[PDB]
file query18.txt (compact mmCIF, C-alpha atoms)
# COMPACT_ATOMS: atom_id res chain seq x y z
CA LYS D 319 0.00 0.00 0.00
CA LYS D 320 1.90 3.15 -1.25
CA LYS D 321 5.65 2.62 -1.08
CA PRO D 322 8.86 3.06 -3.35
CA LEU D 323 8.78 5.11 -6.63
CA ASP D 324 5.43 6.32 -8.02
CA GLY D 325 4.92 7.57 -11.62
CA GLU D 326 6.91 10.60 -12.90
CA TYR D 327 5.64 14.07 -11.87
CA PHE D 328 5.14 17.01 -14.26
CA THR D 329 2.79 20.03 -14.21
CA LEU D 330 0.62 22.14 -16.53
CA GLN D 331 -0.50 25.80 -16.35
CA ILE D 332 -4.18 26.02 -17.34
CA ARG D 333 -5.33 29.59 -18.06
CA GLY D 334 -8.97 30.34 -17.19
CA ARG D 335 -10.71 28.73 -14.19
CA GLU D 336 -13.62 27.47 -16.32
CA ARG D 337 -11.59 25.20 -18.63
CA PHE D 338 -9.40 24.40 -15.60
CA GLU D 339 -12.17 22.32 -13.98
CA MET D 340 -12.62 20.63 -17.38
CA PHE D 341 -9.03 19.35 -17.52
CA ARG D 342 -9.10 18.29 -13.85
CA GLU D 343 -12.08 16.02 -14.66
CA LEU D 344 -10.08 14.14 -17.32
CA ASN D 345 -7.19 13.92 -14.83
CA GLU D 346 -9.19 11.96 -12.23
CA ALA D 347 -10.68 9.91 -15.09
CA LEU D 348 -7.29 8.54 -16.22
CA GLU D 349 -6.01 8.13 -12.63
CA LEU D 350 -9.15 6.08 -11.91
CA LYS D 351 -8.29 3.55 -14.63
CA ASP D 352 -4.80 3.19 -13.11
CA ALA D 353 -6.43 2.17 -9.81
CA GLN D 354 -8.43 -0.49 -11.70
CA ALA D 355 -5.20 -1.81 -13.28
CA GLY D 356 -3.42 -3.16 -10.17
CA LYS D 357 -6.82 -4.38 -8.90
CA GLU D 358 -7.41 -8.15 -9.18
CA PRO D 359 -9.35 -8.84 -12.40
CA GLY D 360 -11.82 -11.15 -10.61
CA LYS W 319 -0.65 45.92 -26.64
CA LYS W 320 -1.04 42.42 -25.12
CA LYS W 321 -1.40 43.59 -21.49
CA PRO W 322 -0.89 41.14 -18.59
CA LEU W 323 -4.70 41.04 -18.12
CA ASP W 324 -4.97 37.36 -19.16
CA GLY W 325 -7.52 34.94 -17.65
CA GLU W 326 -6.95 33.31 -14.24
CA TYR W 327 -3.96 30.96 -13.83
CA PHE W 328 -4.16 27.53 -12.14
CA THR W 329 -2.00 24.39 -12.37
CA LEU W 330 -2.31 20.58 -12.39
CA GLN W 331 0.11 17.81 -11.33
CA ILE W 332 0.07 15.07 -13.99
CA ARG W 333 1.80 11.88 -12.78
CA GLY W 334 3.43 9.64 -15.41
CA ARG W 335 5.24 11.21 -18.39
CA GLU W 336 3.18 9.16 -20.88
CA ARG W 337 -0.21 10.50 -19.72
CA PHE W 338 1.44 13.92 -19.33
CA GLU W 339 2.04 14.33 -23.09
CA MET W 340 -1.62 13.32 -23.63
CA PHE W 341 -3.05 16.12 -21.44
CA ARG W 342 -0.62 18.72 -22.85
CA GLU W 343 -2.03 18.00 -26.33
CA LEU W 344 -5.58 18.81 -25.17
CA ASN W 345 -4.29 22.02 -23.55
CA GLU W 346 -2.98 23.43 -26.86
CA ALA W 347 -6.26 22.30 -28.48
CA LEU W 348 -8.51 24.53 -26.34
CA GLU W 349 -5.97 27.38 -26.38
CA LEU W 350 -6.07 27.25 -30.20
CA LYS W 351 -9.83 27.90 -30.21
CA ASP W 352 -9.27 30.91 -27.91
CA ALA W 353 -6.95 32.43 -30.54
CA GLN W 354 -9.69 31.93 -33.15
CA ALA W 355 -12.24 33.62 -30.86
CA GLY W 356 -10.59 37.07 -31.04
CA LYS W 357 -10.25 36.63 -34.83
CA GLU W 358 -12.25 39.41 -36.53
CA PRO W 359 -15.01 37.81 -38.62
CA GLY W 360 -14.94 38.11 -42.43
CA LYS T 319 -33.80 -4.87 -13.23
CA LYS T 320 -31.65 -2.74 -15.59
CA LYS T 321 -34.60 -1.32 -17.59
CA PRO T 322 -34.05 0.30 -21.02
CA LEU T 323 -34.50 3.74 -19.37
CA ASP T 324 -30.87 4.79 -19.99
CA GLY T 325 -29.82 8.39 -20.74
CA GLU T 326 -30.22 9.88 -24.24
CA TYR T 327 -28.23 8.34 -27.12
CA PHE T 328 -26.25 10.37 -29.68
CA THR T 329 -23.31 9.53 -31.98
CA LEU T 330 -20.11 11.07 -33.38
CA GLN T 331 -18.15 10.42 -36.60
CA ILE T 332 -14.43 10.27 -35.76
CA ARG T 333 -12.25 10.41 -38.90
CA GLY T 334 -8.84 8.69 -38.77
CA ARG T 335 -8.44 5.39 -36.88
CA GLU T 336 -5.55 6.78 -34.81
CA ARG T 337 -7.55 9.66 -33.30
CA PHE T 338 -10.52 7.27 -33.03
CA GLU T 339 -8.82 5.06 -30.42
CA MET T 340 -7.96 8.25 -28.49
CA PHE T 341 -11.59 9.42 -28.17
CA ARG T 342 -12.85 5.91 -27.35
CA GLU T 343 -10.50 5.88 -24.33
CA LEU T 344 -12.07 9.08 -22.95
CA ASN T 345 -15.54 7.58 -23.50
CA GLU T 346 -14.87 4.62 -21.18
CA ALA T 347 -13.31 7.08 -18.70
CA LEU T 348 -16.50 9.12 -18.16
CA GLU T 349 -18.68 5.99 -18.29
CA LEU T 350 -16.55 4.52 -15.48
CA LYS T 351 -17.38 7.46 -13.20
CA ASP T 352 -21.10 6.93 -13.93
CA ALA T 353 -20.81 3.36 -12.61
CA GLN T 354 -19.20 4.75 -9.42
CA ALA T 355 -22.04 7.28 -9.06
CA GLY T 356 -24.73 4.64 -8.37
CA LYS T 357 -22.32 2.92 -5.94
CA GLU T 358 -23.91 2.94 -2.46
CA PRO T 359 -21.66 4.94 -0.12
CA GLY T 360 -19.89 3.18 2.77
CA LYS X 319 -9.59 19.30 -55.60
CA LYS X 320 -10.61 17.91 -52.19
CA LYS X 321 -10.99 14.26 -53.34
CA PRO X 322 -12.94 11.73 -51.22
CA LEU X 323 -9.59 10.22 -50.10
CA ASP X 324 -10.04 11.30 -46.46
CA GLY X 325 -8.77 9.25 -43.49
CA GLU X 326 -10.70 6.21 -42.20
CA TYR X 327 -14.20 6.76 -40.76
CA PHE X 328 -15.42 5.24 -37.47
CA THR X 329 -18.19 6.21 -35.02
CA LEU X 330 -18.93 6.31 -31.27
CA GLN X 331 -22.20 6.10 -29.30
CA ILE X 332 -22.15 8.76 -26.56
CA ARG X 333 -24.94 8.22 -24.00
CA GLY X 334 -26.31 11.31 -22.20
CA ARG X 335 -26.70 14.60 -24.09
CA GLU X 336 -24.66 16.50 -21.48
CA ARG X 337 -21.51 14.37 -21.89
CA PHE X 338 -22.21 14.31 -25.65
CA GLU X 339 -21.59 18.06 -26.07
CA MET X 340 -18.35 17.60 -24.09
CA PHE X 341 -16.89 14.98 -26.47
CA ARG X 342 -18.03 16.90 -29.58
CA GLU X 343 -15.94 19.87 -28.39
CA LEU X 344 -12.78 17.72 -28.24
CA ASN X 345 -13.56 16.39 -31.74
CA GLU X 346 -13.45 19.87 -33.33
CA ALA X 347 -10.28 20.55 -31.30
CA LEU X 348 -8.21 17.76 -32.90
CA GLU X 349 -9.78 18.39 -36.34
CA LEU X 350 -8.64 22.03 -36.05
CA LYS X 351 -5.00 20.95 -35.66
CA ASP X 352 -5.34 18.77 -38.78
CA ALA X 353 -6.34 21.87 -40.78
CA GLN X 354 -3.21 23.63 -39.47
CA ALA X 355 -1.06 20.64 -40.48
CA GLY X 356 -1.59 21.13 -44.24
CA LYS X 357 -0.95 24.87 -43.78
CA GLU X 358 2.12 25.82 -45.85
CA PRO X 359 4.82 27.12 -43.49
CA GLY X 360 5.90 30.78 -43.67
call {"tool": "encode", "arguments": {"input": "query18.txt", "output": "structure tokens"}}
result
Amino acid sequence: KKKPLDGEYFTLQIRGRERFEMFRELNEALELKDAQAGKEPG
Amino acid sequence: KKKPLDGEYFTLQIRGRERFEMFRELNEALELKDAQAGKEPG
Amino acid sequence: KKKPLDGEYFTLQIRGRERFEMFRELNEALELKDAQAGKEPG
Amino acid sequence: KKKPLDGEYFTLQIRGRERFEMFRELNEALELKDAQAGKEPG
């Protein structure tokens, strides 16, 4: 549960708060799939 | 001319370099439309 | 059980097979969140 | 002139009208870059 090296770590400047929330949504979307990857297929 | 009065300015931490390049592409996509918004009609 | 009362149903023509696979990935991303929405809290 | 030799042609069923408008926006985004690809440099 959480330990050695995680994935790399970059950043991105998003101008405008409106579109900002839009990108954040896609961010959690991809990160969610990653959590389903190391999960037993069952 | 130009003026520092741009929209707000936020940021986002994108883990993984692979997924990073993916988000960056979408960023330039929306920003491109913004440049076409201030384009005088014809 | 299930019931055909799903949300609306539209479509989108994606030219290019390369870009096609890219959009399809985002589709499953949002749909995944929907499945977590009806997940009873705990 | 033009020629019907465009890229492949696939499709995608997007449930929900709300999320539909979201994907459509990304579609025009990538297509815009394609139009800038065949733009003679200067």
call {"tool": "atom_distance", "arguments": {"input": "query18.txt", "atom1": "atom CA of residue 319 of chain X", "atom2": "atom CA of residue 357 of chain X"}}
result
15.7 Å
call {"tool": "closest_atom_pairs", "arguments": {"input": "query18.txt", "of": "chain T", "to": "chain X", "cutoff": "8 Å", "atoms": "all atoms listed in the file", "output": "CSV"}}
result
residue,atom,partner,partner_atom,distance
T:324,CA,X:333,CA,7.9
T:325,CA,X:334,CA,4.8
T:326,CA,X:334,CA,4.6
T:327,CA,X:333,CA,4.5
T:328,CA,X:332,CA,5.4
T:329,CA,X:331,CA,4.5
T:330,CA,X:330,CA,5.3
T:331,CA,X:329,CA,4.5
T:332,CA,X:328,CA,5.4
T:333,CA,X:327,CA,4.5
T:334,CA,X:326,CA,4.6
T:335,CA,X:326,CA,5.8
T:338,CA,X:328,CA,6.9
T:341,CA,X:341,CA,7.9
T:342,CA,X:330,CA,7.2
T:345,CA,X:332,CA,7.4
call {"tool": "atom_distance", "arguments": {"input": "query18.txt", "atom1": "atom CA of residue 347 of chain D", "atom2": "atom CA of residue 347 of chain T"}}
result
5.3 Å
call {"tool": "atom_distance", "arguments": {"input": "query18.txt", "atom1": "atom CA of residue 350 of chain T", "atom2": "atom CA of residue 321 of chain D"}}
result
26.5 Å
call {"tool": "calpha_fit_rmsd", "arguments": {"input": "query18.txt", "fixed": "chain W", "moving": "chain D"}}
result
1.0 Å
